[PDB]
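S.K.: Provide a 3D model corresponding to the input given below.
(chains A, B, C, D, E, F, G, H, I, J and K)
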Amino acid sequence: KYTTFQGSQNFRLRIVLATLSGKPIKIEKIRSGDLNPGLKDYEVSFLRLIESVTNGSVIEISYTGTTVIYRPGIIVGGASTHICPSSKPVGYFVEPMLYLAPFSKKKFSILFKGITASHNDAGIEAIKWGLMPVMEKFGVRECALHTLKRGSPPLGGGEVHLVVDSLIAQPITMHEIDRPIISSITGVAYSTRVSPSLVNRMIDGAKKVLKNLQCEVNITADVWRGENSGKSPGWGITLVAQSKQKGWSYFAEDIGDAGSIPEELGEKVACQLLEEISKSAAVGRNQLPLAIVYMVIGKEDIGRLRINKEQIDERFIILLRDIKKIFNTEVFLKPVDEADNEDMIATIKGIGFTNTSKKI
Amino acid sequence: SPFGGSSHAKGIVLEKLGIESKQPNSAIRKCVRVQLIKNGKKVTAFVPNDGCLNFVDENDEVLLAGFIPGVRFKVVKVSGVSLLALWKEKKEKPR
Amino acid sequence: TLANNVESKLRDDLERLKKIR
Amino acid sequence: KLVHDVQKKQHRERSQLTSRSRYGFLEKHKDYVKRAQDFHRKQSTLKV
Amino acid sequence: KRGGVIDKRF
Amino acid sequence: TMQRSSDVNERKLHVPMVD
Amino acid sequence: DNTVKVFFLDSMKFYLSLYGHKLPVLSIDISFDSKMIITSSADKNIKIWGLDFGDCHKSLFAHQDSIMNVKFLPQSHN
Amino acid sequence: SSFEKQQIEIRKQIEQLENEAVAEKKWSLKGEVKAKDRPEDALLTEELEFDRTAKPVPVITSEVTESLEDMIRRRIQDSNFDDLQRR
Amino acid sequence: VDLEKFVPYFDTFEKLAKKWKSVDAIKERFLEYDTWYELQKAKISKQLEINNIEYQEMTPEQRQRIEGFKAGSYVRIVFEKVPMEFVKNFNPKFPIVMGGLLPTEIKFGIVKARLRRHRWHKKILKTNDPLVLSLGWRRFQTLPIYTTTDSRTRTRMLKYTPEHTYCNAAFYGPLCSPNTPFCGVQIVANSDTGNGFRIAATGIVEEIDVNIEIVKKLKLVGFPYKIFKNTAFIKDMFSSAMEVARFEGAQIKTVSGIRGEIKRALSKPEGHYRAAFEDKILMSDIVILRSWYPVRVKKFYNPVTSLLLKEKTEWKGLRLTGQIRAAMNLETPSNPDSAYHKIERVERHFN
Amino acid sequence: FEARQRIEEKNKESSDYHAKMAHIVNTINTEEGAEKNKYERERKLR
Amino acid sequence: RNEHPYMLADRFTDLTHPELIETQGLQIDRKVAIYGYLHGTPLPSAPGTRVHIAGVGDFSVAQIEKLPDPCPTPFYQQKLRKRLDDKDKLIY
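M.R.: Numbering: from 1, shown residues only, chains lettered A, B, ... in the order given. Sure, structure below:
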């Protein structure tokens, strides 16, 4: 019957893997003890987004909202428009949509409207230079997230258009047992409704920490102005460590709130990315929940991904646990032969998943 | 020589580029993209008619012979059976 | 009686027309 | 010449309905053009 | 459009 | 002989499969 | 230089700088709630910058001559 | 047995679908149809897509107006008149 | 702690700033085959050579956990909730075959296949006619609907399979990956085998989804009764003037081909309307309006389960439209008007 | 209303159809014809 | 054949308790064990995998375990330009 789990924990993850599997899923006990129980607007809106792109799926939310029964349909997609509630930005909905984009009947051309950045959710550049490049490694050749207008909190109103012009049967088998060498560090500095000196003070704060390194740095000074620069002033930084050898990338991001010194938050993202590097072996823990799931839906072949000691935390475990019930796939780990570092090799297999929803 | 010295060349049927065409028996409806196996180069080939277009499917072996100007290759032979034999109801394609 | 039935059928057509529109 | 004998099969024409028998023969494209052309011959002669 | 959103929330 | 060798080299080619 | 920099007085560190003044600011002004910065300039235009992001809500060419000094009504946005 | 009970439900469906096969077709599924054959005003009950032979006559909505006087303001702003002049 | 917070947990400023006063501990991270066929074969082989290596490295218990039970292993499988009759009506001669099912196989819904009448089958197949298909490991009976694209403008319901070509077929049943071919048979019981070739159709499954939008063509017919040159009045096309109001301006045409329009409905009598044509029509003309009405796929599923029977060779399900008529002694329906007759044309002489 | 959206959907689809059909006949003719012309002049050279 | 796991049953056995056959009757659902050599892709070790038995219906594997090869091939049996030995050939 229905695989039954508890809580809102990993809510999106448990629907999309259900969607990828085709196995129906039940989630119950969504904050039963809270004063305001049941699903919130953003995660109801997200569950609506799935119905827009999936076809034949039936979704029921309980009388109190504390239980949802999800039977997935085939993934069909198309041109559509979604209203992101002000609670969460577009990035909350686009990241899980990347889990499902390349495996559809017709192409995903979806317009997302609402806030575009938050302290807790992925920004545009996290998806653009931080999460998408992992798609070119996985076989998804051409795919883009076009920014037409950005909207900062609390009023938001931003616009982002997702296009995934690649559709593939399944992700390519994965082979990365080496710690990629980073060649250069790039990034984007952005702001709404405020003077460009902020975006320069962003870079100077970011520049200060990382000139102890011997690297070439080119942080884009980008300033949106006019009608397409949001209904609220706001700003944030995204610095990406880029490896041209095997096309690997690591990124860090956060946005500035009221009363913050720019050099301070510029100093953050430089040292913030810098901290992320120490804890990453082949992909960062902000790319880890992307790489593992696609490898689980690859072809019936074992690939290797190198993962660091710091990567395997509570996030790695429950995420691994969630995959097992839906797929019965288990991720084994074998130590590296090297003694300089204690990095780990995670061996996973695809379930033989294929894009049966495609026009052939 | 178009095949580099051979009279025939096999390929891999990637996608039928003329399926969406409205006009029946248009010159486009008989065009198929094919990967030449010996070198992997993508090429376009002719199938004799839309009736024969039914027989060709994606990931089948196809032999190509010299012939929408520019499509110099025609599909003469598919998956253990020649198309004209299939087209004449003289044979079934083996799978 | 028959005229009343035609009137009721016409009214049903009206409600369905509202449903379409 | 990749057309077979079957696709060149004759398509037979229908006739007037029995209920409509009293109105005459059921006319078709080739019947209509014959009366269309003669009227055009007629108006042209009336026109001049 | 096939499949429907059957929302029972009060 | 080159024309034959081309004709025999081509007939050896097939679709890649996994057994 | 036609830019009005803001220093935190307690921390003594520079927070934000007003930009876009055509001519130098003759008077500077902080709302009662302290969330707005009203500035009157020799360019004869008054700009009102919000503290949280240092952003001008409106720029106003009030006086045909330059506005030397600008006052508040205490505990009021006026 | 449950499997036999499965045939119990199957051998029901066979007879209705058998009856429908030999039953007279509905006026919708008869191809050519006539007003007497179908129920009166049946097409009022049904959605039928049909082609039209001429243009649908345009409707002067406000945005059609708004776009229209907007240009008229643009022509006169540029003094661009297609007007006949003394020759 | 949870993935909804995309930005993951990090340490405080001052500790992190003190942690990286220097950029040390990270300096390490920072700075031919003859034929394409051989390249693909090698890529397959290396992956296979990779596969063998870890499994050797893995423990035998670890290996079975990850790969499962490889082919060639002699294995015991236990099943529960098996039908009662299967053990009782067990014949060792009849083989028992087990087949694993991929996730798409479990799903049920509409199946779109490009299907043709099998070439040696005597008769063409009919829409809404039971047909036993063999998809994957499963063999079951359904009611397929045969359709055409009409020059890729719409999916139009065909009444039979084409005599000597493929056509699009829609039917309901367990789904499968595209490009999974299949075979069709009408009769499986020995009693009704006869001497006809039993394979009825052969085709390829084309697409999968949960519904199809098959439509059937409808022609509403009209008769003229009063003609003024291009303009004429038509009757019995519609039962009421309200019906005409819906189809005002609709394109209409005669059997002769003279195209027309529905100009306005006549108040008296009900259903009468005025139409203008490119030429004058004659009294014997019949005007027609082309229309389209949706068709639905019947959700019928009857797995063919011979091994559960005593006979194992006399399974029977839905009967063909021919057999039911024969059993109940009903003649095949026919319409005298629909019948075709020879036509001889008399040369016309005009005044 | 329904007519207006219906007709403009046909016009856009037809225009895209001819553009795609036109692009392909030009590109296939141009790129392949060069190689055909290439091979012929080698034959003349031989 | 290379994309699915499949199996031809060598023997057949019913594991239902005879007492259950009597207290309820023969009509009770029954537990069955089926042996043979696996083919095609590997079959997952964990129970619950969905399979189809031809002419029967779709079932879920309650339990699965490997047994020693009852017809060991000669190269395998001796392991535990030369012709086959008459002792080596076996029938099962």
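
S.K.: Where do the strands of chain E begin and end?
M.R.: Using DSSP state E, the strands of chain E run over residues E:5-7.

S.K.: Close to chain A: what parts of it are there?
M.R.: E:1-10 (Cβ under 8 Å from any Cβ of the partner chain). C-betas here are computed from N, CA, C, even on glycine.

S.K.: Buried subset of these as a PyMOL selection?
M.R.: Of those, the buried ones go into a single PyMOL selection, burial set by 16 or more other Cβ atoms under 10 Å in any protein chain shown:
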select buried, chain E and resi 2+3+7
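
S.K.: And the residues of chain E next to chain A, which is closest to residue I:339?
M.R.: Set against residue I:339, the nearest of these by Cβ to Cβ is residue E:2 (42.0 Å).

S.K.: Smallest gap between chain G and chain H, at which residue?
M.R.: residue G:61 (25.6 Å; Cβ to the nearest Cβ).

S.K.: ugh, typo on my part, it should be chain E
M.R.: For chain E, Cβ to the nearest Cβ, closest residue to chain H: residue E:1, 16.2 Å.

S.K.: List the residues that contact that residue.
M.R.: Residues counted as contacts of residue E:1 (Cβ atoms under 8 Å, 6 or more residues apart in numbering or on different chains) are residue A:55.

S.K.: Residue A:270 now?
M.R.: Applying Cβ under 8 Å, 6+ apart, one finds that residue A:270 lies in contact with A:205-210, A:239.

S.K.: phi, psi of it?
M.R.: Note on residue A:270: backbone dihedrals following degrees, to the nearest 10 are phi -60, psi -50.

S.K.: circling back to that earlier point, can you tell me which of the contacts of residue A:270 comes closest to residue K:15?
M.R.: residue A:239 (63.9 Å).

S.K.: In space, what's closest to the closest one - neighbours in sequence excluded?
M.R.: Computed as Cβ to Cβ, 6 or more residues apart in numbering or on different chains, the closest residue to residue A:239 that is not its neighbour in sequence is residue A:187, at 3.6 Å.

S.K.: quick one: that neighbour is in a strand?
M.R.: Yes. According to DSSP: H, G, I helix; E, B strand; the rest coil, residue A:187 belongs to a strand.

S.K.: ok, the residue of chain G closest to chain H to residue G:21 distance?
M.R.: Using Cβ to Cβ, to the nearest Å, residue G:61 is found at 13 Å from residue G:21.

S.K.: shared neighbours of these two, which are they?
M.R.: Common neighbours of residue G:61 and residue G:21 (Cβ under 8 Å, 6+ apart) are residue G:45.

S.K.: quick one: which of these two has more around it?
M.R.: residue G:21 (19 against 11; other Cβ atoms under 10 Å in any protein chain shown).

S.K.: Tell me if I'm right that that one and residue G:1 touch.
M.R.: No. In this structure, residue G:21 is not within contact of residue G:1 by Cβ atoms under 8 Å, at 9.5 Å.

S.K.: And the residue of chain A that's closest to chain K?
M.R.: Closest point on chain A to chain K, by Cβ to the nearest Cβ, is residue A:328, at 5.5 Å.

S.K.: residues contacting that residue?
M.R.: K:44, K:46, K:48.

S.K.: now swap in residue H:26 and tell me
M.R.: No contacts exist for residue H:26 under Cβ under 8 Å, 6+ apart.

S.K.: quick revisit: would you mind measuring from the residue of chain E closest to chain H to residue J:6?
M.R.: Applying Cβ to Cβ to residue E:1 and residue J:6 gives a distance of 19 Å.

S.K.: what's the answer for residue I:215, then?
M.R.: Distance from residue I:215 to residue J:6, by Cβ to Cβ: 15 Å.

S.K.: now residue H:79
M.R.: From residue H:79 to residue J:6 the distance is 41 Å (Cβ to Cβ).

S.K.: between those two, who's got more neighbours?
M.R.: Applying other Cβ under 10 Å to residue H:79 and residue J:6 shows that residue J:6 carries more neighbours, namely 13 against 6.

S.K.: what about the residue sitting furthest away from the middle of chain G, helix or strand, and which?
M.R.: Distance from the C-alpha centroid of chain G, by Cα atoms, centre = their mean, peaks at residue G:11 (20.8 Å). Here residue G:11, judged by DSSP states H and E, is contained in no helix and no strand.

S.K.: contacting residues around the residue nearest the centre of chain A?
M.R.: Central residue of chain A (Cα atoms, centre = their mean): residue A:95, 4.0 Å from the mean position. With contact set as Cβ under 8 Å, 6+ apart, residue A:95 has these partners: A:121-122, A:127, A:131, I:6.

S.K.: can we see that at 6 Å?
M.R.: Contacts for residue A:95 (Cβ atoms under 6 Å, 6 or more residues apart in numbering or on different chains) come out as residue A:122.

S.K.: That one in helix, strand or coil?
M.R.: Relying on three-state DSSP, one would call residue A:95 helix.

S.K.: Near residue 32, how many other residues are there?
M.R.: In the absence of a named chain, this looks at chain A. Neighbour count for residue A:32, taken as other Cβ under 10 Å: 14.

S.K.: Chain K was what I was after
M.R.: Neighbours around residue K:32, by other Cβ under 10 Å: 23.

S.K.: Now whichever strand or helix holds it: buried residues?
M.R.: Per DSSP H and E, residue K:32 falls inside strand K:30-40. For strand K:30-40, a neighbour-count test (16+ other Cβ under 10 Å) marks K:30-32, K:34-39 as buried.

S.K.: Show me what whichever helix or strand comes after it packs onto, helices and strands only.
M.R.: Going down the chain from strand K:30-40, the next helix or strand is strand K:50-53, by DSSP H and E. Counting contacts by 3 or more Cβ pairs under 6 Å, 6 or more residues apart in numbering or on different chains; DSSP states H and E, strand K:50-53 packs against strand I:97-100.

S.K.: and residue F:5, which of the three is it?
M.R.: helix.

S.K.: so what secondary structure elements neighbour the strand or helix carrying residue I:46?
M.R.: Residue I:46 belongs to helix I:36-57 when assigned by DSSP H and E. In terms of contacts (3+ Cβ pairs under 6 Å, 6+ apart), helix I:36-57 is packed against no helix or strand at all.

S.K.: Is there proximity between stretch B:70-79 and chain J?
M.R.: Yes. Interface with chain J: stretch B:70-79 contributes residue B:70 (Cβ under 6 Å from any Cβ of the partner chain).

S.K.: list the contacts for the closest residue to residue I:298 other than its chain neighbours?
M.R.: Nearest non-adjacent residue to residue I:298, counting by Cβ to Cβ, 6+ apart: residue I:143, 5.0 Å away. When contacts are counted by Cβ under 6 Å, 6+ apart, residue I:143 touches I:128, I:130, I:298, I:300.

S.K.: Name the residue of chain D that lies nearest to chain C.
M.R.: Counting by Cβ to the nearest Cβ, chain D gets nearest chain C through residue D:19, at 26.8 Å.

S.K.: Could you do the stretch 151-300 of chain I as well?
M.R.: Counting by Cβ to the nearest Cβ, the stretch 151-300 of chain I gets nearest chain C through residue I:242, at 7.1 Å.

S.K.: Can you list the buried residues in stretch A:98-116?
M.R.: A:98-105, A:108-116.

S.K.: Kindly report the same for stretch A:190-208.
M.R.: Neighbour count says stretch A:190-208 has A:190-195, A:197-203, A:205-207 buried, by 16+ other Cβ under 10 Å.

S.K.: Specify which member of those is nearest to chain E.
M.R.: Distances from chain E to the buried residues of stretch A:190-208, taken by Cβ to the nearest Cβ, are shortest for residue A:192, at 34.5 Å.

S.K.: nearest spatial neighbour of that closest one, skipping sequence neighbours?
M.R.: Closest to residue A:192 by Cβ to Cβ, 6+ apart is residue A:230, at 3.9 Å.

S.K.: how many neighbours does the one you found have?
M.R.: Residue A:230: 23 neighbours (other Cβ under 10 Å).

S.K.: Tell me the residues of the stretch 151-300 of chain A that contact chain E?
M.R.: So the stretch 151-300 of chain A never meets chain E (Cβ under 6 Å from any Cβ).
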